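Participant: Dropping in the first section of the assembly, placed as in the complex:
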Amino acid sequence: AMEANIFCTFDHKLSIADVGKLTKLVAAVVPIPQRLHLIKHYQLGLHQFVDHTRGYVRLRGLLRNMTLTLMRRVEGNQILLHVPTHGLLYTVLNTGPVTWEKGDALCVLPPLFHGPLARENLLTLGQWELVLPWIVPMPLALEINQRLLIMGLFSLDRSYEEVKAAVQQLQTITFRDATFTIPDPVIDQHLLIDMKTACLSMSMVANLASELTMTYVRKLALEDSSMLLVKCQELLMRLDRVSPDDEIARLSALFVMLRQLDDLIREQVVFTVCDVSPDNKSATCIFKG
Amino acid sequence: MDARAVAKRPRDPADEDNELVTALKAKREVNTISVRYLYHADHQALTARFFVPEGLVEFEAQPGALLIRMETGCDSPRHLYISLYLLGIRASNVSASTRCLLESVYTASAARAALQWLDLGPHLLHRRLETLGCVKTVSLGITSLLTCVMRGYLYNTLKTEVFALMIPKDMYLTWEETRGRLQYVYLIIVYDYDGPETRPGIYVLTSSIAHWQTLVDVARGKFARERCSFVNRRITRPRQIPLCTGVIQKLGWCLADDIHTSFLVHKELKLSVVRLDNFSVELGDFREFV
């Protein structure tokens, strides 16, 4: 009665104390780039994806299209991984910094710290550090993504002072018994290209929104047959007070700027909680993918 | 690896014995606890087990009622598992008579505290609401233990009785007279963005629509007056930020002929409900349309 698992070996001579360090990470979430049947330890977690040049939301996008297995059992010379399926319930240990309760919708997030931490005493090797993604609830994750978006919106005029106090107001966030601090997306006074593309696509679709739909509903007003479209141009005129191939280019640009927004406009819930253990270390929850 | 283990028949759990019997029969002992048939083993539905104070367990002694938790910006009472009928005081959909009726059974402090927290937010309702499923057995404590079901059918222990989902008549809504072979159920929260009230309407739609877009285009076609009120409230008050005119989430699916009208009695306040007899819960995220 063997179940569908994923075997994972090790290349480095890990000691017995490292095995005892690893067997506390039983019910921990692990991402995998490609669902094989056997896999080396160079593809176990985020340390094959971490990049200083590109931004942080690229780690979300390269975490969007993964497979999120669970460590089944730690033994000698091989590490069992159990890939989940939709519908069956599992157990996840609270590897995140924030407490869980009954019935929260859970989302997966790349870690907001890398390098030095008091809780990043993870499994180390010569060049390898197994790093786990964060499992935070849904409104907290949406809040973190929105705070990061509006903080990347102020990256151009950081030199002023009211925007500085606004940023350090924005960088702090309080949740349920968790005084929480995100890092700043501006390092050495140049933003990375991923945040630049994200907020640039946002500003692009907002600018085409301000540019096209006055003419478009002014053309649709001749084809009026209802009332829900005849006052939207009226509220447009309320707030407000070429070649057709360029117009086709504007519509196609608007739609590709829509399609370059799926990393941030939405997310899929992955887990939701049935029961939570006392002292909140682990919590049995179903899978939903 | 030979031509026999792969050519063996697949294993059925109904043939062999349990874990405990094949454990104790090897060591040759016998105890008082008869373990030859483990109950709840052939229970494919996923259960849960919550605690709830006595202020909210009215209309819950009979099994089968939608169970929604709500968010509150407090610290200790931050989540409260209120029934679907506890939302019935706050719906503008509901009539007068059952509104004064089922409020006269929701008299305790926690019920009216939930009624206060449903209107004492600067936000709207749906972002603070998450669904949990349906209750199938209560234990009658002072903080009563209750077994909610997240995904699967709703049946009694030993599967000698299939329990039912109970929804009251004014929240019930169909959108076609030619009800198909299967009709999924949906929890619809539609707002009415008027001046003096932002009190929503609650509907538990039953409809044979599966795909999302072909549901929302007829949802806009059926609630267009609410969209008119929405664009009115967006158009008369700038520096006011609205969101999520109507909110629809998937609740599950039924068998489309076992829908019969009925009534649940509790403290002899008989309330007309709609009975979905063999309904299997299947939860989904709160999708927001405009």
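Facilitator: Alright, I've got the coordinates. Numbering: from 1, shown residues only, chains lettered A, B, ... in the order given.
Participant: what about residue 79, how many neighbours?
Facilitator: By default, I'm working from chain A. With neighbours defined by other Cβ atoms under 10 Å in any protein chain shown, the count for residue A:79 comes to 22. Any C-beta I mention is one placed from the backbone N, CA and C, and that applies to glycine too.
Participant: Chain B is the one I meant
Facilitator: Neighbours around residue B:79, by other Cβ under 10 Å: 17.
Participant: Go ahead and confirm it touches residue B:70.
Facilitator: Yes. Applying Cβ atoms under 8 Å, one finds residue B:79 in contact with residue B:70, separated by 7.1 Å.
Participant: Phi first, then psi, for residue B:25.
Facilitator: Torsion angles at residue B:25 (phi, psi; degrees, to the nearest 10) stand at phi -80, psi -20.
Participant: for residue B:225, same thing?
Facilitator: phi -60, psi -30.
Participant: bridging residues for the residue nearest the centre of chain B?
Facilitator: In chain B, the centroid-proximal residue (Cα atoms, centre = their mean) is residue B:66; its distance is 2.9 Å. Counting by DSSP bridges, residue B:66 is bridged to residue B:134.
Participant: can you tell me which residues contact it?
Facilitator: B:83-84, B:131, B:133-134, B:165, B:167, B:187, B:204, B:251 (Cβ atoms under 8 Å, 6 or more residues apart in numbering or on different chains).
Participant: if you set the cut-off to 10 Å instead, what comes out?
Facilitator: Residue B:66 makes contact with B:82-85, B:87, B:131-135, B:148, B:165-167, B:171, B:185, B:187, B:204, B:251-252, B:281, according to Cβ atoms under 10 Å, 6 or more residues apart in numbering or on different chains.
Participant: Pull up the overlap in contacts between residue B:79 and residue B:70.
Facilitator: B:128, B:130.
Participant: Look at residue B:250 and give its secondary structure.
Facilitator: strand (DSSP: H, G, I helix; E, B strand; the rest coil).
Participant: Hmm, residue B:285 and it touching each other?
Facilitator: Yes. Between residue B:250 and residue B:285 there is a contact under Cβ atoms under 10 Å: 8.3 Å.
Participant: Which neighbours do these two have in common?
Facilitator: What both residue B:250 and residue B:285 touch, as defined by Cβ under 10 Å, 6+ apart, is the set residue B:131.
Participant: and those two? which has more neighbours close in?
Facilitator: residue B:250 (19 against 15).
Participant: What sits closest to the more buried one if chain neighbours are left out?
Facilitator: Nearest residue to residue B:250, sequence neighbours excluded (Cβ to Cβ, 6 or more residues apart in numbering or on different chains): residue B:284, at 3.6 Å.
Participant: residues contacting the one you found?
Facilitator: Residue B:284 is in contact with A:269, A:288, B:131, B:186-187, B:248-252, counting by Cβ under 10 Å, 6+ apart.
Participant: go ahead and place chain C:
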Amino acid sequence: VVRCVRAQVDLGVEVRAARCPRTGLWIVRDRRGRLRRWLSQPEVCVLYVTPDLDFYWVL
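Facilitator: Chain C, in position alongside the others:
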């Protein structure tokens, strides 16, 4: 209710009126929800009184 096209003026009329939603000013129904609709026409002018001493002269 006064009417200038035929000079027939109706003096005592029951009207049940209420605030309709979505910044509804006032709407004047009958005893049977008839929504009497005299004030559409150009031929009428109508005066409304309240149970209090409030007073409306409606064109």
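Participant: again for the contacts of residue B:66, since chain C is there now?
Facilitator: B:82-85, B:87, B:131-135, B:148, B:165-167, B:171, B:185, B:187, B:204, B:251-252, B:281.
Participant: Can you give me the neighbour number for residue A:241?
Facilitator: By the criterion of other Cβ under 10 Å, residue A:241 has 5 neighbours.
Participant: thinking again about what came up before, could you measure from the residue nearest to the centre of chain B over to chain C?
Facilitator: Separation of residue B:66 from chain C (Cβ to the nearest Cβ, to the nearest Å): 28 Å.
Participant: go on, residue A:27?
Facilitator: Distance of residue A:27 to chain C, given as Cβ to the nearest Cβ: 53 Å.
Participant: residues near the closest residue to residue A:82 other than its chain neighbours, how many?
Facilitator: The shortest distance from residue A:82 to any non-neighbouring residue, by Cβ to Cβ, 6+ apart, is to residue A:72 (4.1 Å). Neighbourhood size, residue A:72 [other Cβ under 10 Å]: 17.
Participant: which SSE is residue A:72 in?
Facilitator: Secondary structure from DSSP states H and E places residue A:72 in strand A:67-74.
Participant: could you say what helices and strands whichever helix or strand comes after that strand packs with?
Facilitator: Using DSSP H and E, the helix or strand that directly follows strand A:67-74 along the chain is strand A:79-82. Counting by 3 or more Cβ pairs under 10 Å, 6 or more residues apart in numbering or on different chains; DSSP states H and E, the packing neighbours recorded for strand A:79-82 are strand A:6-8, strand A:29-32, strand A:67-74.
Participant: Buried residues in the helix or strand following strand A:79-82, which are they?
Facilitator: Moving toward the C-terminus from strand A:79-82, the next helix or strand (DSSP H and E) is strand A:89-93. By neighbour count with 16 or more other Cβ atoms under 10 Å in any protein chain shown, strand A:89-93 contains the buried residues A:89, A:92-93.
Participant: List just the nearest of these to residue C:30.
Facilitator: residue A:89 (61.2 Å; Cβ to Cβ).
Participant: The closest one and residue A:286 touch, don't they?
Facilitator: Yes. Using Cβ under 10 Å, residue A:89 makes contact with residue A:286 at a distance of 4.3 Å.
Participant: what's the distance between the residue nearest to the centre of chain B and chain A?
Facilitator: For residue B:66 relative to chain A (Cβ to the nearest Cβ), the value is 13 Å.
Participant: which parts of the stretch 101-250 of chain B sit against chain C?
Facilitator: The stretch 101-250 of chain B comes close to chain C at residues B:192-197, B:225, B:228-229, B:232-233, B:236, as judged by Cβ under 10 Å from any Cβ of the partner chain.
Participant: give me that answer again for 6 Å
Facilitator: Residues of the stretch 101-250 of chain B lying close to chain C (Cβ under 6 Å from any Cβ of the partner chain) are B:194-195, B:229, B:232.
Participant: Going by neighbour count, which of those residues comes out on top?
Facilitator: Neighbour max across those (other Cβ under 10 Å) = residue B:229, 19 neighbours.
Participant: include chain D too:
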Amino acid sequence: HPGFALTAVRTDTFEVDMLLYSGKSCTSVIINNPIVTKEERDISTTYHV
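Facilitator: Below is chain D, added to the chains above:
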């Protein structure tokens, strides 16, 4: 001294050790063999008796 008295009341809790006497065959309990229910998880399949 102001113009009123105060009749203070205070409860006092005492841990104590009862003694119960009861006659022979007061109540006659009826029991059955304990049934076992399963409860599946991925790692800890608890059993309620």
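Participant: Revisit the contacts of residue B:66 given that chain D is now included?
Facilitator: By Cβ atoms under 6 Å, 6 or more residues apart in numbering or on different chains, the residues touching residue B:66 are B:84, B:134.
Participant: ok so, going back, tell me which residues are up against the strand holding residue A:72.
Facilitator: A:5-6, A:22-23, A:28-32, A:35, A:80-83.
Participant: element containing the residue in chain C positioned nearest to chain D?
Facilitator: Closest residue of chain C to chain D, Cβ to the nearest Cβ: residue C:52 (50.6 Å). Using DSSP H and E, residue C:52 sits in no helix or strand.
Participant: okay, now it: neighbour count?
Facilitator: 6.
Participant: Just give me the neighbour total for whatever residue of chain D ends up closest to chain C.
Facilitator: Of all residues in chain D, residue D:4 sits closest to chain C, at 50.6 Å by Cβ to the nearest Cβ. Using other Cβ under 10 Å, residue D:4 has 5 other residues around it.
Participant: Residue B:265 now?
Facilitator: Residue B:265 - counted by other Cβ under 10 Å - has 9 other residues nearby.
Participant: Could you do residue A:136 as well?
Facilitator: For residue A:136, the neighbour count with other Cβ under 10 Å is 25.
Participant: Outside of stretch B:238-255 itself, list whatever touches it.
Facilitator: So stretch B:238-255 is contacted by B:126, B:184-191, B:223, B:230, B:234, B:276, B:279-282, B:284, B:286-290 (Cβ under 6 Å, 6+ apart).
Participant: distance between the ends of it?
Facilitator: 47 Å (Cα to Cα, to the nearest Å).
Participant: Spatially, what comes nearest to residue B:202 if we skip its sequence neighbours?
Facilitator: residue B:91 (4.1 Å).
Participant: what does residue A:227 give?
Facilitator: In space, residue A:227 is closest to residue B:228, 7.1 Å off (Cβ to Cβ, 6+ apart).
Participant: in the host helix or strand of residue B:217, what's buried?
Facilitator: Assessed by DSSP H and E, residue B:217 sits inside helix B:213-222. By neighbour count on 16+ other Cβ under 10 Å, the buried set for helix B:213-222 is B:215-216, B:219-220, B:222.
Participant: got a list of contacts for that helix?
Facilitator: B:209, B:289.
Participant: still on that earlier bit, which SS class is the residue nearest to residue A:227?
Facilitator: Going by three-state DSSP: residue B:228 is helix.
Participant: how much space between it and residue A:230?
Facilitator: 11 Å (Cβ to Cβ, to the nearest Å).
Participant: Repeat that for residue B:126.
Facilitator: Counting by Cβ to Cβ - residue B:126 and residue A:230 are separated by 29 Å.
Participant: More neighbours: which of those two?
Facilitator: residue B:126 (20 against 13).
Participant: neighbours around the one residue in chain D that gets nearest to chain B, how many?
Facilitator: Residue nearest to chain B within chain D (Cβ to the nearest Cβ): residue D:37, separated by 4.2 Å. Using other Cβ under 10 Å, residue D:37 has 14 other residues around it.
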